[PDB]
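Working notes, structure below.
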Amino acid sequence: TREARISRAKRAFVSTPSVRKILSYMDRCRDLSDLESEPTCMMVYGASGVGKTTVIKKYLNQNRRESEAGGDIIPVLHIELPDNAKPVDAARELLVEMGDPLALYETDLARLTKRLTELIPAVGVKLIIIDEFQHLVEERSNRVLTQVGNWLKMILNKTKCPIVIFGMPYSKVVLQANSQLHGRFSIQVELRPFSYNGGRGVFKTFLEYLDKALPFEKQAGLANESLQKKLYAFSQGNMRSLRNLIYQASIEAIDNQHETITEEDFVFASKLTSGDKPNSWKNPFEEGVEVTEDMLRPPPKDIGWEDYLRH
Amino acid sequence: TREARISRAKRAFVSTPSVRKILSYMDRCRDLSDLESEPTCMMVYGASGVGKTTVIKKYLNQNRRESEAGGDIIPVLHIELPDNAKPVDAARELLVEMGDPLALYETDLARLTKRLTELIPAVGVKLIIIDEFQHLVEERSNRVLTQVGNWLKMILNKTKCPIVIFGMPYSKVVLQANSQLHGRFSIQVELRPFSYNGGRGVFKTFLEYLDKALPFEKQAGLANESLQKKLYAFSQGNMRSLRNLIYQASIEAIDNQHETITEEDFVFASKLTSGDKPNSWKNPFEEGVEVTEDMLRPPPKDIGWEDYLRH
Amino acid sequence: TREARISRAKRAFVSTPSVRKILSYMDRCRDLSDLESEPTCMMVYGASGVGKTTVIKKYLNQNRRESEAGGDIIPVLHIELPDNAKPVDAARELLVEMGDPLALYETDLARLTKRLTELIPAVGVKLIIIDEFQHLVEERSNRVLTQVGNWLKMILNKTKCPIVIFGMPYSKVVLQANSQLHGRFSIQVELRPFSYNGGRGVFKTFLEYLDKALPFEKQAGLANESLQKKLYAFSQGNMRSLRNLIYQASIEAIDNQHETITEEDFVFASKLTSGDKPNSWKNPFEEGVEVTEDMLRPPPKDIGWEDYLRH
Ligand SMILES: Nc1ncnc2c1ncn2[C@@H]1O[C@H](COP(=O)(O)OP(=O)(O)OP(=O)(O)O)[C@@H](O)[C@H]1O
Ligand SMILES: Nc1ncnc2c1ncn2[C@@H]1O[C@H](COP(=O)(O)OP(=O)(O)OP(=O)(O)O)[C@@H](O)[C@H]1O
Ligand SMILES: Nc1ncnc2c1ncn2[C@@H]1O[C@H](COP(=O)(O)OP(=O)(O)OP(=O)(O)O)[C@@H](O)[C@H]1O
């Protein structure tokens with residue numbers, strides 16, 4: 001099999017214009033603020049499993065590498081607020097990820113804020129990439145905790161730094177509660193999945209570049225009107241499901257060695273990674289079942305609101 | 001880009017007569033009280049994102065600079081109460097802000113008040129500026145806590161000093177609860193946003209002075225009946241949204257160098273900072289869409305009551 | 001402006017026959033009790049911003065000054081109970097006010113009582129004054145806590161001294177609950193605001209004495225049939241509102257120096273102190289409108305019951 005081929009098969013990153021826009025907006029949002037006046041700020045929406053973490057890692061790799069290699073600078077962070085997050089727990093994390101491992105033994109929203117606001121300029125933070133806000137909305141109850149959003153408002157008033165605050169599109173409610181919290185985070189973005197299935201667009205070139213990035217030296221197997229339609233039929237929007245199917249196909253192709261990912265391992269790959277899909281969803285690969293046009297309607301505008309619309 | 005141009009592009013402060021009145025009333029309220037008799041006291045209302053913090057910063061810059069440069073005096077303060085504020089938390093913040101970091105570890109509304117009342121005359125405080133009262137009114141429940149109000153009453157009764165107590169216009173309910181605290185703070189002010197859109201008033205001269213403050217040497221582009229109506233069409237009252245559009249528009253003129261902020265960067269800058277706006281609100285810049293007179297009505301009298309009228 | 005003029009302008013205290021009655025009754029209440037038999041006791045009702053604290057401070061200044069100048073005697077005490085008062089917290093305040101810093105760190109209704117009872121005769125307390133009974137009644141619920149009143153009964157039974165217990169009139173409800181506490185506090189008083197507005201009464205002589213106390217050398221400007229009714233229209237009962245208007249007027253007179261407080265600064269003074277007044281109230285000074293006799297009806301019998309009658 002060889003570790004490098006499977007490694008490169010898993011790490012086959014190509015950039016959709018949405019990702020390029022987000023990377024440009026991040027680079028902008030970083031370059032704009034001079035760590036003196038009130039920062040510009042930003043919020044990304046996206047959905048459940050599109051590539052938010054991957055975009056953050058891609059940004060971290062190009063940005064933080066050379067600065068971190070020099071010494072203890074770490075210009076950019078990676079935060080992930082816990083389940084039913086409180087300002088203590090957020091600030092505890094903000095400290096934990098930022099160099100110093102101390103201030104987690106016995107601190108209760110007193111001196112941790114002061115030392116965090118004192119050390120942020122000293123260490124040299126130029127941006128904060130917060131990843132998680134799905135937790136601030138409660139699971140059963142329709143209530144949303146504001147304490148964290150207010151604490152973010154206060155630390156943003158105290159120390160000046162751009163904040164990116166990634167979170168599912170139902171997390172908008174978190175901002176809608178507190179007036180100027182909605183007001184402050186003005187610049188806003190959708191990282192929504194692929195809409196059109198027909199081809200000769202973003203999906204076709206994405207699969208073409210992906211097939212160029214795949215480990216097999218016998219050219220692209222995908223980018224054909226017959227095959228592309230079934231891949232969209234399998235994975236509607238979620239790039240996770242698509243990349244999983246491609247990965248499962250690739251490892252099935254290198255196993256009992258083949259030249260390309262031909263129409264024989266896709267049926268197994270599809271049957272394998274069809275656990276997360278609903279009962280209503282149908283597998284296009286399972287048998288001789290012709291893909292239907294009505295099934296390939298674009299993903300709803302309420303794509304990441306399902307968890308919120310449960311209650 | 002050059003940091004100085006972008007710094008001066010961000011920091012382009014001009015004073016509307018409302019701000020001048022607040023600065024005059026602040027100067028008055030400080031000059032009146034002689035730290036012996038009962039103080040005159042003051043409350044500023046305003047709304048969510050008009051210029052409350054900026055008015056306080058402008059006052060702090062002109063007042064506190066020369067005094068603070070001398071030594072440990074700090075004649076004026078800046079306080080910001082936490083979410084669901086309690087007298088312990090407000091007093092802890094009052095002490096934490098006042099130089100000395102002690103009385104932070106273990107104090108339970110016992111000796112912190114006595115030492116605060118003892119040290120306030122010693123350091124030489126001439127006025128206090130409390131910023132935030134939105135927290136005292138609960139999010140879900142209609143209840144408003146008066147513990148902080150009675151502590152403010154008690155500390156005002158014990159030690160004599162002017163207090164400015166900023167807070168969004170639904171914060172009035174905090175005063176309306178406690179009969180004395182309503183009667184104590186007699187001097188009252190609106191820092192409400194701009195009303196008229198047509199021109200030849202406060203908005204036109206504000207934009208004209210802002211254009212004179214902008215970094216471009218090729219004169220003013222704004223303050224024209226053709227253009228300035230769309231700026232009011234974009235941002236009804238909130239100066240935040242206007243200044244954000246101006247900043248992004250300016251940034252987009254420095255990037256791929258231009259002479260002035262002409263009608264080409266405004267469209268993308270408008271599309272950029274159209275996240276905080278409601279779904280009902282329409283973008284005038286997006287396409288060839290002529291602004292409608294009915295949309296340019298003045299902002300409602302209940303401008304900062306929405307959060308209260310939710311519940 | 002000068003500190004002496006503004007100091008004397010603020011500190012312009014003249015005595016109302018009601019104040020003289022309270023002063024006489026308090027002097028009597030002190031003189032009668034010999035710290036051996038059961039004390040005579042007293043309760044003063046008043047209302048919000050009439051002059052209870054000023055009467056207490058006047059009494060403190062005339063009585064305690066000579067005794068305090070001699071040494072550690074402090075014959076008379078000042079207490080102002082915390083919000084949602086408990087016997088431990090009242091006793092803590094009663095101790096920390098009277099010299100001793102200790103009995104503050106760790107005391108839970110155990111030894112503070114005995115040491116208070118032991119050292120009250122030693123230091124030589126001839127009378128006690130509690131400022132507020134609003135805290136015993138809850139904000140939301142109509143329920144009243146008896147613990148503080150029962151502790152007052154208990155400590156009155158143990159250490160026998162006069163207790164004056166000032167508090168806004170619906171505080172009567174606190175005594176209406178506990179019959180024995182009601183029985184003890186027999187001597188009772190209204191410190192009610194000014195009722196008559198016609199002229200040639202307590203209001204005219206009060207204003208004349210105030211004008212004699214004002215800093216301007218060239219005789220009284222007020223106490224005229226033209227101005228008295230307008231001053232009464234502005235401030236119905238509340239002496240706070242009246243004295244605030246007089247103060248603000250006096251400042252607007254000494255600023256851009258005039259000969260006297262003319263009826264050109266009263267419009268600004270009235271406009272400035274127009275925050276705490278309800279929407280139903282109409283400002284007489286604002287425009288050139290003749291004041292209506294119907295609006296100058298005397299204030300109601302339940303003047304300081306509104307906040308209690310809300311629920
Ligand atoms: N341009 C791209 N080319 C190829 N694969 C991509 C690209 N962008 C994202 N992916 C893949 O899509 C998947 C995104 O998963 P990821 O965990 O980043 O999603 P997420 O929305 O952040 O979810 P999570 O809640 O797990 O953080 C990964 O398998 C990643 O490799
Ligand atoms: N006279 C002025 N000229 C130009 N810009 C101004 C002027 N006054 C205020 N601004 C700008 O308007 C904005 C005011 O934001 P500020 O933080 O004061 O709002 P706020 O009402 O205190 O809200 P919050 O504290 O909830 O964030 C800033 O961008 C500030 O630079
Ligand atoms: N005889 C008097 N002549 C002139 N001014 C007076 C007189 N008595 C009281 N005042 C003034 O009336 C005001 C009374 O304020 P004070 O703090 O005593 O109010 P209060 O009724 O005790 O209310 P609270 O304790 O709830 O604040 C002060 O401005 C005081 O100077």
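Letters for chains follow the order of the structure tokens (A, B, ...), residue numbers begin at 1 for each chain, and ligand numbers begin at 1 in the order shown.
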Could you name the residues that touch residue A:230 at 8 Å or less, counting only C-alpha atoms, but leaving out those on the same chain fewer than 5 positions away, as a list in words?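 Selected residues are residues 284, 285 and 291 of chain A.
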Restrict the calculation to only C-alpha atoms and all ligand atoms, then for each residue of chain A with any atom at most 9 Å from an atom of ligand 2 give the closest atom pair and their distance in Å to one decimal, rows by chain and rising residue number, as a Markdown table.
```
| residue | atom | partner | partner_atom_place_in_ligand_line | distance |
| --- | --- | --- | --- | --- |
| A:37 | CA | ligand 2 | 31 (O) | 8.3 |
| A:38 | CA | ligand 2 | 29 (O) | 7.1 |
| A:153 | CA | ligand 2 | 27 (O) | 7.5 |
| A:154 | CA | ligand 2 | 25 (O) | 8.7 |
| A:157 | CA | ligand 2 | 27 (O) | 7.3 |
| A:179 | CA | ligand 2 | 26 (O) | 7.7 |
| A:180 | CA | ligand 2 | 26 (O) | 4.8 |
| A:181 | CA | ligand 2 | 26 (O) | 7.4 |
| A:183 | CA | ligand 2 | 27 (O) | 7.7 |
| A:184 | CA | ligand 2 | 27 (O) | 6.5 |
```
With N, CA and C atoms kept, could you save the residues just selected as an mmCIF file, in the first residue's frame?
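Saved as out38.cif:
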```
data_model
loop_
_atom_site.group_PDB
_atom_site.id
_atom_site.type_symbol
_atom_site.label_atom_id
_atom_site.label_comp_id
_atom_site.auth_asym_id
_atom_site.auth_seq_id
_atom_site.Cartn_x
_atom_site.Cartn_y
_atom_site.Cartn_z
ATOM 1 N N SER A 37 -6.751 50.902 17.209
ATOM 2 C CA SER A 37 -8.203 51.226 17.121
ATOM 3 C C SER A 37 -9.029 49.934 17.144
ATOM 4 N N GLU A 38 -10.362 50.066 17.182
ATOM 5 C CA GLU A 38 -11.339 48.941 17.175
ATOM 6 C C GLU A 38 -11.142 48.112 15.907
ATOM 7 N N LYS A 153 -17.252 40.536 23.746
ATOM 8 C CA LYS A 153 -17.518 41.990 23.544
ATOM 9 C C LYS A 153 -16.577 42.811 24.439
ATOM 10 N N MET A 154 -16.422 42.418 25.712
ATOM 11 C CA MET A 154 -15.643 43.174 26.736
ATOM 12 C C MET A 154 -14.143 43.071 26.429
ATOM 13 N N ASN A 157 -13.353 45.072 23.504
ATOM 14 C CA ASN A 157 -13.303 46.498 23.935
ATOM 15 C C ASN A 157 -11.960 46.789 24.619
ATOM 16 N N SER A 179 -27.364 43.162 20.825
ATOM 17 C CA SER A 179 -27.512 44.153 19.723
ATOM 18 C C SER A 179 -26.162 44.434 19.046
ATOM 19 N N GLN A 180 -25.200 44.990 19.788
ATOM 20 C CA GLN A 180 -23.896 45.460 19.239
ATOM 21 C C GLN A 180 -22.966 44.271 18.953
ATOM 22 N N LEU A 181 -23.221 43.092 19.538
ATOM 23 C CA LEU A 181 -22.524 41.820 19.188
ATOM 24 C C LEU A 181 -22.840 41.465 17.728
ATOM 25 N N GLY A 183 -23.931 43.965 15.695
ATOM 26 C CA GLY A 183 -23.387 45.212 15.120
ATOM 27 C C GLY A 183 -21.886 45.158 14.863
ATOM 28 N N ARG A 184 -21.104 44.602 15.797
ATOM 29 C CA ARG A 184 -19.612 44.621 15.763
ATOM 30 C C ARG A 184 -19.117 43.723 14.622
#
```
Exercise: residue C:257 partners within 12 Å, only C-alpha atoms, chain neighbours under 6 positions left out, as a ChimeraX atom specification: /C:1,216,249-251,265
Per-residue nearest contacts chain B to chain A, cut-off 7 Å, using only C-alpha atoms, as a tab-separated table:
```
residue	atom	partner	partner_atom	distance
B:48	CA	A:180	CA	5.7
B:49	CA	A:180	CA	6.3
B:83	CA	A:147	CA	5.8
B:104	CA	A:110	CA	6.4
B:272	CA	A:187	CA	5.5
B:273	CA	A:187	CA	4.7
B:274	CA	A:186	CA	6.9
B:275	CA	A:188	CA	5.1
B:276	CA	A:186	CA	5.4
```
Write as a list in words the residues around ligand 3, taking 6 Å as the cut-off and counting only C-alpha atoms and all ligand atoms. residues 180 of chain B; 12, 13, 14, 15, 16, 48, 49, 50, 51, 52, 53, 54, 239, 240 and 243 of chain C
What does the structure give for the distance between atom CA of residue B:97 and atom CA of residue B:70, in Å to one decimal?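 It comes out at 18.3 Å.
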Taking only stretch 65-297 of chain C into account, list the residues labelled helix (DSSP H, G or I) by DSSP (computed from the backbone), as number ranges by chain. C: 65-70, 87-97, 112-123, 147-158, 169-177, 179-184, 202-213, 225-234, 239-254, 266-272
Serialized selection, C-alpha atoms, as a compact mmCIF listing (two decimals), in the first residue's frame:
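Result saved to result_38.txt:
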```txt
# COMPACT_ATOMS: atom_id res chain seq x y z
CA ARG C 65 -19.56 67.15 66.60
CA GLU C 66 -18.63 68.23 70.21
CA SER C 67 -18.68 64.59 71.56
CA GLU C 68 -16.62 63.22 68.58
CA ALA C 69 -14.13 66.18 68.96
CA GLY C 70 -13.51 65.09 72.62
CA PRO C 87 -29.80 40.37 60.75
CA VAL C 88 -26.06 39.41 60.30
CA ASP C 89 -25.64 42.11 57.54
CA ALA C 90 -27.48 44.84 59.59
CA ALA C 91 -25.33 43.93 62.69
CA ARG C 92 -22.13 43.91 60.49
CA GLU C 93 -23.04 47.46 59.22
CA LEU C 94 -24.03 48.54 62.81
CA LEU C 95 -20.54 47.35 64.03
CA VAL C 96 -18.30 48.56 61.09
CA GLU C 97 -20.00 52.05 61.26
CA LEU C 112 -21.21 39.79 67.09
CA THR C 113 -24.52 40.10 69.13
CA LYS C 114 -22.83 39.65 72.59
CA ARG C 115 -19.81 41.96 71.79
CA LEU C 116 -22.25 44.62 70.34
CA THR C 117 -24.41 44.35 73.56
CA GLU C 118 -21.17 44.47 75.71
CA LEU C 119 -19.45 47.55 74.08
CA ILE C 120 -22.63 49.68 73.28
CA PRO C 121 -22.80 50.94 76.94
CA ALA C 122 -18.93 51.23 77.08
CA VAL C 123 -18.51 53.61 74.03
CA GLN C 147 -35.85 38.53 60.56
CA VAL C 148 -34.31 42.11 60.74
CA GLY C 149 -37.38 43.51 62.66
CA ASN C 150 -37.37 40.47 65.05
CA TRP C 151 -33.55 40.96 65.52
CA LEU C 152 -34.29 44.72 66.18
CA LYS C 153 -36.92 43.61 68.81
CA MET C 154 -34.32 41.11 70.28
CA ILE C 155 -31.39 43.66 70.37
CA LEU C 156 -33.79 46.42 71.70
CA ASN C 157 -34.85 43.98 74.53
CA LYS C 158 -31.14 43.17 75.34
CA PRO C 169 -43.89 55.46 54.11
CA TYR C 170 -45.03 52.02 52.68
CA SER C 171 -42.25 50.63 55.02
CA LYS C 172 -45.23 50.82 57.53
CA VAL C 173 -46.16 47.38 55.94
CA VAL C 174 -42.94 46.00 57.65
CA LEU C 175 -44.43 47.01 61.09
CA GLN C 176 -48.05 46.02 60.05
CA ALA C 177 -46.75 42.35 59.92
CA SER C 179 -47.56 43.41 66.13
CA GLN C 180 -44.93 43.61 68.97
CA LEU C 181 -42.52 45.63 66.69
CA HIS C 182 -45.55 47.88 65.79
CA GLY C 183 -46.28 48.24 69.57
CA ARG C 184 -42.66 49.37 70.37
CA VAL C 202 -44.73 77.85 54.39
CA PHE C 203 -43.65 77.68 50.65
CA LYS C 204 -43.21 81.52 50.27
CA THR C 205 -41.22 81.94 53.58
CA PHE C 206 -39.16 78.77 52.65
CA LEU C 207 -38.31 80.36 49.21
CA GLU C 208 -37.65 83.80 50.90
CA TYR C 209 -35.26 82.14 53.47
CA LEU C 210 -33.62 80.16 50.56
CA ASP C 211 -33.21 83.48 48.58
CA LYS C 212 -31.68 85.03 51.79
CA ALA C 213 -29.27 81.98 51.87
CA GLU C 225 -46.89 85.24 42.20
CA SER C 226 -45.52 85.00 38.56
CA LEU C 227 -42.67 82.53 39.44
CA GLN C 228 -43.87 80.63 42.64
CA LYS C 229 -46.70 78.74 40.78
CA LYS C 230 -44.26 77.82 37.90
CA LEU C 231 -41.63 76.56 40.46
CA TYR C 232 -44.41 74.52 42.24
CA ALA C 233 -45.66 73.28 38.78
CA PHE C 234 -42.09 72.03 37.91
CA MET C 239 -37.50 69.29 47.37
CA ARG C 240 -34.63 67.52 45.45
CA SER C 241 -36.10 68.64 42.04
CA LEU C 242 -36.72 72.24 43.34
CA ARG C 243 -33.21 72.62 44.95
CA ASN C 244 -31.65 71.04 41.76
CA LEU C 245 -33.47 73.70 39.59
CA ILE C 246 -32.35 76.53 42.02
CA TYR C 247 -28.73 75.12 42.00
CA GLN C 248 -28.62 74.70 38.14
CA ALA C 249 -30.19 78.24 37.78
CA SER C 250 -27.60 79.72 40.28
CA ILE C 251 -24.76 78.08 38.19
CA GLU C 252 -26.27 79.40 34.87
CA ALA C 253 -26.44 82.88 36.60
CA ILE C 254 -22.78 82.91 37.93
CA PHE C 266 -34.56 78.95 34.42
CA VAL C 267 -35.72 77.66 30.93
CA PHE C 268 -32.25 75.98 30.42
CA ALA C 269 -32.14 74.82 34.12
CA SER C 270 -35.68 73.29 33.74
CA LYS C 271 -34.81 71.73 30.29
CA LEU C 272 -31.53 70.28 31.77
```
Can you tell me how far atom 17 (O, counted along the ligand's line) of ligand 1 sits from atom CA of residue A:82, in Å to one decimal?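 Between atom 17 (O, counted along the ligand's line) of ligand 1 and atom CA of residue A:82 the gap is 16.8 Å.
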How many Å lie between atom CA of residue A:41 and atom CA of residue A:98, rounded to one decimal?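 Spanning atom CA of residue A:41 to atom CA of residue A:98 is a straight-line distance of 19.7 Å.
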From the set A:302, A:106, A:132, A:100, which residue has the shortest atom-to-atom contact distance to ligand 1, counting only C-alpha atoms and all ligand atoms? A:132
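Look at residue B:308: the protein and nucleic acid residues within 9 Å of it, using only C-alpha atoms and passing over chain neighbours fewer than 6 places away, are residues 137, 139, 142 and 170 of chain B.
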Using the chain letters and numbers from this document, which residues of stretch 149-287 of chain C does DSSP assign to strand (DSSP E or B), as an MDAnalysis selection string? chainID C and resid 163 166 188:189
